[PDB]
Structure formats: structure tokens, C-alpha cells
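Next come the chains, spelled out residue by residue.
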Amino acid sequence: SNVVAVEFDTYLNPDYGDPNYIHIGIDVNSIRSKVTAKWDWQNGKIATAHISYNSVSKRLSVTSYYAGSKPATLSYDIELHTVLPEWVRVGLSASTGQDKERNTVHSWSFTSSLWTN
Amino acid sequence: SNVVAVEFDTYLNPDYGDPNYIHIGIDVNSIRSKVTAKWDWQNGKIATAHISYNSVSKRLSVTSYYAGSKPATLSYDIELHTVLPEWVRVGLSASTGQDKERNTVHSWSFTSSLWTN
Amino acid sequence: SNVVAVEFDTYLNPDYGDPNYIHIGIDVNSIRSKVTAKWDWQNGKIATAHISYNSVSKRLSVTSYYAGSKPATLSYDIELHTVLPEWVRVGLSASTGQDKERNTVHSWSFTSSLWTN
Amino acid sequence: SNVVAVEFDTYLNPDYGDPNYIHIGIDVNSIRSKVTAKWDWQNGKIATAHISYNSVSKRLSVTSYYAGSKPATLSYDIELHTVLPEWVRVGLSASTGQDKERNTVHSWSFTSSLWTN
Amino acid sequence: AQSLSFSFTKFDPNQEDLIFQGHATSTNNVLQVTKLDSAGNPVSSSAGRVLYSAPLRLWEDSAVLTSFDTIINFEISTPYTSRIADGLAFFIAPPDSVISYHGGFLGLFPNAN
Amino acid sequence: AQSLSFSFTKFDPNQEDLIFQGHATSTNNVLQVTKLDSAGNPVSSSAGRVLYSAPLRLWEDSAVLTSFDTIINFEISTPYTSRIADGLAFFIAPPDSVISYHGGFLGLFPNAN
Amino acid sequence: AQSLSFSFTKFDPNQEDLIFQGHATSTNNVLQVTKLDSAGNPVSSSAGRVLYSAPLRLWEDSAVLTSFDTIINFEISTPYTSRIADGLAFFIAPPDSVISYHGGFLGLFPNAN
Amino acid sequence: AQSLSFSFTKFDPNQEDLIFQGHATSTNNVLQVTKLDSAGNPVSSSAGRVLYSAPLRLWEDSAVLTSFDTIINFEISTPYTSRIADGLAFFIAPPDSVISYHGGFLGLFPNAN
Ligand SMILES: OC[C@H]1O[C@H](O)[C@@H](O)[C@@H](O)[C@@H]1O
Ligand SMILES: OC[C@H]1O[C@H](O)[C@@H](O)[C@@H](O)[C@@H]1O
Ligand SMILES: OC[C@H]1O[C@H](O)[C@@H](O)[C@@H](O)[C@@H]1O
Ligand SMILES: OC[C@H]1O[C@H](O)[C@@H](O)[C@@H](O)[C@@H]1O
Ligand SMILES: [Ca+2]
Ligand SMILES: [Ca+2]
Ligand SMILES: [Ca+2]
Ligand SMILES: [Ca+2]
Ligand SMILES: [Mn+2]
Ligand SMILES: [Mn+2]
Ligand SMILES: [Mn+2]
Ligand SMILES: [Mn+2]
């Protein structure tokens, strides 16, 4: 399964690698996060997250805040084009299992640029 | 003197720190570059350079190519807001001394975003 | 006095030309509006207005709504570059006299493009 | 057949309505142009055309130049949403018949905005 | 060479410019990537994904800079008092990508390798 | 040839990138283009203007298309019960333009020609 | 509610984010909306169309402003000395729109009503 | 909170929206940041700087993300056969910043600390 995802994880799965706490993670080809950081989830309120990538600074970064509180930040160095193909589609994904939670999205904004020679 | 600059250096000044070759440099408060990379200058042709910054990936990056050849890349980790004030103006600067060179700029494009809480 | 302004007028001045009702107007070099349309002002709530110009459709247009109600629209044909100089600055202006009102601005967004040959 | 198109016509078809000269036209649901303007085509060189629409100024406009010469301009008043559905796809189209011509496109740039209440 | 930029601030019921996979849907102008109780309560074993219609060029042989920025506003809430599961994710995957297993998998992966 | 685009969503107290004329000021993140009572009530005979720092090219000899779009969110309110005056305006004027008479003039014009 | 913006400056051979109809193709980084002689000469009775992958919202019940701007660079040339035909067009049509008759029809319409 | 974006593709002689320091000027639609021989040849001991009119917010107490991207097209050429000097730089400095010494200093710094 090929994919790169940034995740806001509410349920811990130690057998899956999840550290012991609500976290946000950067994943490359596996649910086994490469890097992880503590995220202070908040029921009812809405969260804003920015994710940015740059083929030159070979860095992918995430920052997520909750309007009023301190943000959470995670950065991982990658060269995306070695992990993913030349053509991609971008998406948002949410899931549940034995346990539930409402997965809702309010506005989503995305912009991308590619430069050649 | 306060300033952060990315420089394309054609004349070497070892007493000033310049390594022994045409280079591009990232400077923080001093002509004494913090990091430097070999840049293959080319008389007559025109160069395109992209410079990008991100307060989260705490990285500043430069890439400069010449249309047809391989690019040059340099990255330095900074937290710009510790080096510069809250209000800045952005500029292009060029100089000569005992020796000359034509310093000309063709199109220049800049865009900036700031996000609060 | 040189200027082009779009106005949301709350006080009527028949001696100044103002029709008999809260109106929005397009003005070219004079407080004596060239065209005018009925605007349904609303104390306490906030208003959103979009103003657009195009040198080719030689038209300047305004639309202002109040979130929940019907908008107000006004259009006037001009060739701005015959009325104003080549270099301009853009601004927001508000005033009072014997009578008062709070003049407050919340977010303001502006973008401009010019194309040559 | 439903469609709105701006056309740069090189072959005249009087039976189809085409006036007697290379023209650019605005078409609404029919090859029978609603409005038309003289366009000075130029073999070998490349043309730049800007097309703009605004639901408020209820105007659709075109300007096409050839780098060095005078442009050509055409404007037609429409309320696009009465002619086309709520969901559309945007395209470029070219054709030939008994007679030929090379139909090539170099860069194409498009941007759209919609605002609700 | 290429540039793509899109913005959503409300989610129309018939979002012709999004691809829907799983229990993902939209009502009241928001995106419900996870199935819902006809009363408005979260359900179990649900997986939902949304993909922007258009493909996106990430790289090319003679190309040297690719960048993307996206901002997301999402809300994870639960009326209940039990533990909340599972996850919300922003992902980039080959165009023909299809939804995977739910749970702590986030409809992103099948196993746990 | 040229393009300029700027956005404001809050108004910082020290807005180095705006020019201030008249009783125009800013507090609590909003723009108060009209003087205010130390209690927060509107005053009489006030004129305030704000101009974006940078000049803007509107036209040029060999140029053929110029376009601008701006969206504004403003609030005209009054705690009192009397009639409200006077006006709010969006204007484009030569760079060195200075505030004019108040009243139904909107600090835009001196007379009524 | 919605915004879409895209830019092309070269046309890759495998343009996954464009829809192709007719003899339209791409080589040498340009868009050849009309069939071509294996020597690079224009042919007769050809129709080619290209559509941006993603659908676009033009209007909505509670919506009041819709605007679009597009710039196009195209070249109409002929090596021959005969008359040139037929046309180049920028069109907006329902998403499932399909290419129509050629000639002075511009693959846009079937008849001449 | 704030956003600023500007683009230049030609440099008009009277660039009201740029600040000029030193021998920096503009002719033939380009920016000549370094003095020039009335024949079009580079001179010695020259320093030129250009600054975008408007100030730019880089940071703020309750703010968490600031980003900027700029692309520059410049040409360093010399008709002569001697060594070329000195440098071209893109810099960000406090608004009231003024040009400094030339040479390998790039009108950016006074000494060499
Ligand atoms: O409810 C969350 C939890 O439920 C089950 O135990 C499984 O589906 C897990 O994969 C998942 O993490
Ligand atoms: O000409 C380049 C060279 O000239 C002189 O030696 C001095 O001005 C130096 O600072 C400079 O680097
Ligand atoms: O208060 C509004 C009204 O007050 C006075 O009569 C004058 O300043 C007028 O110009 C203005 O329109
Ligand atoms: O070649 C141009 C001309 O050729 C034929 O006569 C027909 O296909 C016409 O529709 C078309 O206009
Ligand atoms: Ca998990
Ligand atoms: Ca009045
Ligand atoms: Ca025809
Ligand atoms: Ca040096
Ligand atoms: Mn995890
Ligand atoms: Mn150096
Ligand atoms: Mn009036
Ligand atoms: Mn025709």
C-alpha cells in the first residue's frame, strides 16, 4: 500500500506503534509512524492544521492549533518523489472501529506548485 | 548592522570568509556566511532563484538554476523572528569595487503569509 | 479634487445630490454620485462588499450583502485611466458631522493586476 | 447542444452567420455568434487572449493581442447561470474541414471564484 | 510548468468535484467522513475518504522544486463518554487509490507493516 | 508587468503598512476610521482615512487590461437612537491624496461640485 | 464557498489532469488540438478538445458573485498557401460534454441552429 | 492575519512602488542595481539597492506560521575579460535600512564582523 499521510490519532494502538497518548503523526507507506508528536485534542472545538512541503528543504511540516491554546508541531525530512509516483490525488480520510468519534471537516484549502527546467 | 541575505558572490574575499569559488550564501547579521554552496555562474545568461522560508520547518532554502544546467541548493535552519524585528522591508542589492560586473534584474516575484491565533 | 470612490451613505444630503434613502454610490471626481442604488443598512451587523473593475468590460461593479438578506448591486461604465493618473493608492474613508455613527472595518482584502504589451 | 464559447474564427461560413472577415466571437448555445468583432490573425506568431466574467457586471469580455500590434476587444452581457448549469468543465477546442490550419496551444491559465451567502 | 490551487469553505451536498469513498458524505455544509446515526451520533466500524477530483503533478524528470500547502479545519467530537476512535488523516496517494481497513488504520492501510 | 495583492483579517495597533489620516485608528483588532468617545461611543465632526502603503499601477502606455477586486467587511453601528451619519467609502486617489472635509463629504471632497 | 485556480506553461505528454477528445494530443510541450501529418503538417476534417479534469461550480442557490479569468496563448499557423480553417475556441460546457462536428463547427455544435 | 504578494515582470522607469538607494536605477525595462558607463559598461565602486515600498509583517506575539517565497531572475554579465565583482543579494532588513559599503560587502554590511 503506497501513501504518505499526516494523521491526528485519537485511539492508541501500541501493537501498531502508537505511542501512549493522543498524537499527530507523519506516515510513509505504513501506519507505523516515522515520527510522532503529542497533540492535545479537544472535543467539540474545531482544529486548524497547516501542512507544508518543499522539495528543496526536503522537509514536510505540520502545525495544528485549537484557537486559544498552544499549537503542536511535527517535521520530518523526506524527498516525496522517491516515495510517491509522479501523479497523485490528495485526500482527507477518517475511520472508527469498536470505538467511535465524529469525523467532520469544515473548510479545506490546498495549493500546489511545481517548477521545471 | 541587522539583516538576513542570500547572496550570489562572484568575487572571493578570503579575509571576509568567502570560500575559494563562486558561491551562493546565506548570511545572518554578517558578510561572514553561515553556510555556503558552490554556484556555477554564467556570463550573459540569466538566472532564476527561489528562496523560501517557513517558521515551522525553521528552514530557509535557496535553489538557483540557469536554464539547461544543474541547479545549486543551499539550506540553513533559522527562526527568523529571533534575528529580525517584527517589521521588515524586502530588497535586492548589488555592488562592485576595484572590479566590475553588470548587476541587472529582470522579473522579481515575492509573496508572503503570516498566521496568528 | 481627484478621486473615484464607492460609498455607502447613511445620511441624506439632497443639496449634495443624495437621493431620499440610505444608498450606495459610485463617485467620479465629485460627491455628486453618477449612479446610485438603494442599500438596506443594518445597525450592529457587519457588511461584506465586493468591488471589481475591468479595463476591457469598461465596467466598475459593486455588490454588498448582509449575511442572510438580499444584496444590493450597482454598476457604472468607466475607463478609469481617463479619470485617474497612472499611479494610485487605495483606501477606505469614513466621516461624521452634526450626526454620528461608528465607522469600523473588519477584514479588508484587495488584489490587482495590470498587463502590458 | 449546451455551451458558451469564445471563438477565434479563421474560415468564414456566411450560411453559419460568420461575417465576412477573420473574427473572434462570443457564442451562446449556437455557432451563430451573438456578437462579433474583427480579429487580425497572424500566421506563425502566437496570440494571447484574456477572457473574463462577472456575475454582477453581468458582462463577459475578451481581449486578444499579438505582441506588438493593437488588440481586439469584444464584450457581451450575459447572466451565465441562466444559460449553463451549476456544474461545468472548462475547455479549449479546435477544428478543421476541407481546409486546414495548425491548432496549437502554449500556456493556458485559468482561475475561478464563487461566493455564497 | 504546473500549478493547482483549490479552496472549500462549505461542502455542498452534490460535490461533483470530490470523490467519495466509504461512509464519507456531506450535510449541513460539512464533510462527514464517518457514518452517522440517524440521530446524529457516531457509529462503529466506519471508513470514509474524500479525494480532490483532479490529479496533481508531484514531480517530473527535468523539474526542480515542488511545493504544497494545505490548511484544514476539522472537528473531532463525541456525544458519548467512552473513549474516542479512531483517526483523521490528510493523505496523498496514487490517483486510483481506494479506501482500506478502518479502525486504527484510518482507511489508509490494510495491515500493519 | 505588475501584480499586487494584499489581505488584512485583523488590524494590529501598529500597522506599519497602512497610512493613517484623521481620527482613523485601530484597537481590539478593528479599524476605527472615525473618532471615539472614551466610553466607546461615536463622536461628531470626525474624518478618518486609511491608505495601503504601497502605490499601485493603474495604467501604462503600452498596456491593455487592468483589473482589481477587493472585498470589505465593515460595520456601521450606533448606540444612540438619533439619525446616523455619515458615510463609509472605498476610494482610489493619487498617492499624495490627503483627507478632506467631513460630514456628507466622507473626507473625500472639499466642496460639492 | 469555492475557489479553483490552475496554470499550465508546458504540456506534458501524459497530462493526467486533462481530458482528451478527438485528435487532440500533446508533443514538444504544446497542445495539438488538431491532428497532424507525420511530417508536421495540418490535416483535414479534424476535431480536438481538451477539458480540465476537475468540475467547476458556476452557480448556487444562495450565492451572489461568480467570476473567472483565463489567459490563453495559442498559435494558428499553416505551412501551406491555401485558406486556413477552421477555428480555435475556449468553451464552458456541462461536465459530460462530448466533441461535436468539425469544420466551422469547432467541435462545439452539431448543426447550425 | 496578514498576506502580501507582489509581482514585477518589467521595470518601469518611474517605479513609484520601489525605493531606490545608491546607483540603482532602471532602463530598458530592467533593474540596474549597479552604476553604468554611458556606453553600457559596468563601473567600479558602485552600490545599488531596491526595496519594496510596503513594510512586511514577519512575526507577531500570538502568531504561529510565517512563510515567504520569492523568485528572482537576474543576470550577471561583463563585457570585459577581467575578473568579475562583486555580488548580487536578496535581503530582508528593518524598514529604515540604508545602503552600506560596496565591494565584497554588497551594500549590506559596513565592516566584516
Ligand atoms: O475502536 C478502535 C479499535 O477497535 C478495534 O479494536 C479494532 O478495529 C482496532 O483496529 C481499532 O483501533
Ligand atoms: O573589486 C572587488 C574588491 O575590490 C576591492 O579590493 C575592495 O573594494 C574589496 O572589498 C572588493 O571585494
Ligand atoms: O451630521 C451630518 C451632517 O452634519 C452637518 O449638517 C454637515 O456637516 C453636513 O455636511 C453633514 O451631512
Ligand atoms: O474547411 C472548412 C469548411 O470545410 C467544409 O466546407 C465544411 O466542413 C465546412 O463546415 C468548413 O467550414
Ligand atoms: Ca491509532
Ligand atoms: Ca451624504
Ligand atoms: Ca466559421
Ligand atoms: Ca565576496
Ligand atoms: Mn498512529
Ligand atoms: Mn560571500
Ligand atoms: Mn451620496
Ligand atoms: Mn463564427
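The preceding data block contains the structure.
Residues numbered from 1 in each chain as written, not as in the entry; some residues may be left out. Chains lettered and ligands numbered in written order. Heavy atoms only, no water. Residues with missing side-chain atoms left out of burial classes, pairs and counts.

Trainee: Teacher, can you tell me more about the site of ligand 1 here?
Mentor: For ligand 1, the full set of nearby residues is A:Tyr11, A:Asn13, A:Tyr16, A:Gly97, A:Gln98, A:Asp99, E:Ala85, E:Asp86, E:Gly103 and E:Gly104. Proximal residues around ligand 1 fall on chains A and E, making this an inter-chain site. Between A:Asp99 and ligand 1, the recorded distance is 2.6 Å, taken from a backbone N or O atom to an oxygen atom. Contact distances for ligand 1 include 3.4 Å between an oxygen atom and a side-chain N or O atom of E:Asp86. (Near = heavy atom within 4 Å. Polar contact = N/O pair within 3.5 Å; in protein donor to acceptor, adjacent residues only side chain to side chain.)

Trainee: What should I look at first to understand the interface of chain E and chain A in this one?
Mentor: In many reports, interface size means the accessible area that the parts give up when they come together. Taken together, the contact between chain E and chain A spans 84 residues of the former and 70 residues of the latter. Mapped onto the side of chain E that touches chain A, the elements with two or more residues apiece are β1 (2-8), β2 (18-22), β4 (30-32), β5 (47-52), β6 (56-57), β7 (63-77) and β8 (87-93) of chain E. Ranked by residue count, the leading element in the side of chain E that touches chain A is β7(E), at 15 residues. Residues of the side of chain E that touches chain A, tallied by class, amount to 47 nonpolar, 29 polar and eight charged. Note: strand β7 (residues 87-95) of chain A against β6(E), two bridges, orientation antiparallel. For A:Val88, the partnering residue across the bridge sits in β6(E) and is E:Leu56. (Contact = heavy atoms within 4.5 Å. Helix = DSSP H or I, 4+ residues; strand = E, 2+ residues; numbered from the N terminus. Nonpolar A, V, L, I, M, F, W, Y, C, P; charged D, E, K, R; others polar. Pairing = 2+ DSSP bridges.)

Trainee: So what exactly am I meant to see when it comes to the side chain of E:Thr34 here?
Mentor: Within the element layout of this structure, E:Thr34 appears in the loop between β4 and β5. For E:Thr34, a relative accessible area of 1% gives the class buried. Within the structure, E:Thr34 has its side chain in polar contact with the side chain of A:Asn103 (distance 3.2 Å). Non-local contacts of E:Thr34, meaning those with residues more than four positions away in its chain, are made with A:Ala94, A:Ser95, A:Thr96, A:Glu101, A:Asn103, E:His23 and E:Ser46. (Buried < 20%, exposed > 50% of the residue type's maximum accessible area, 1.4 Å probe, protein only.)

Trainee: What is the right way to read empty space enclosed by the protein from this model?
Mentor: Using a probe with the size of a water molecule, rolled over the atoms, empty space left in the structure can be pinpointed. Roughly 80 Å³ of internal volume is contained in the largest cavity. In terms of lining residues, the largest cavity is bounded by 15 residues, among which F:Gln2, F:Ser3, F:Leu4, F:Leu56 and H:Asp17 are the most central. If you list the elements that add at least two residues to the lining of the largest cavity, you get β8 (102-116) of chain C, β1 (2-8) and β6 (56-57) of chain F together with β1 (2-8) of chain H. Looking at the lining of the largest cavity residue by residue, the class counts come to eight nonpolar, five polar and two charged. Taken as a whole, the second largest cavity holds about 50 Å³ of empty space. Those elements that place two or more of their residues in the lining of the second largest cavity are β7 (63-77) and β8 (87-93) of chain G. With three residues, the top contributor of residues to the lining of the second largest cavity is β8(G). Residues of the lining of the second largest cavity, tallied by class, amount to eight nonpolar, no polar and no charged. (1 Å grid on protein atoms, 1.4 Å probe; cavity = no way out; pocket = protein on both sides within 12 Å on 5 of 7 lines; lining within 4 Å. Points joined across faces, edges and corners; volume = space filled by probe spheres on them.)

Trainee: How should I be thinking about the pattern of salt bridges in this particular structure?
Mentor: When their charged atoms lie close together, side chains carrying opposite charge are able to pair. Inspection of the entire model under this criterion finds twelve salt bridges over all chains. As a salt-bridge pair, A:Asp77 and B:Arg59 come within 3.0 Å of each other at their nearest N and O atoms. With one member in each of two chains, A:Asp77 in strand β6 (residues 72-77) and B:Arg59 in strand β5 (residues 59-65) form a pair that bridges those chains. Taking the relative accessible area as the measure of exposure, A:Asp77 reaches 41% and is therefore partly exposed. Given a relative accessible area of 14%, B:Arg59 falls into the buried group. Linked through salt bridges whose partners overlap, the residues forming this network are A:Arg59, A:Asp77, B:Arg59 and B:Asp77. (Salt bridge = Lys/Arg side-chain N within 4 Å of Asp/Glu carboxyl O.)

Trainee: Got a minute to help me understand the site of ligand 4 in this structure?
Mentor: All residues in the neighbourhood of ligand 4 are listed as D:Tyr11, D:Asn13, D:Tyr16, D:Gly97, D:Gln98, D:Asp99, G:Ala85, G:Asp86, G:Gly103 and G:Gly104. In this structure, ligand 4 sits where chains D and G come together, each supplying nearby residues. One nitrogen or oxygen atom from the main chain of D:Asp99 is found 2.6 Å from an oxygen atom belonging to ligand 4. G:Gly104 is positioned such that a nitrogen or oxygen atom in its backbone is 3.2 Å from an oxygen atom of ligand 4. Coverage of ligand 4 by the protein amounts to 73% of the 310 Å² it exposes when considered alone. Tallied by class, the residues present in the shell around ligand 4 amount to three nonpolar, five polar and two charged. (Areas by Shrake-Rupley, 256 points an atom, 1.4 Å probe, with all protein chains shown as cover.)

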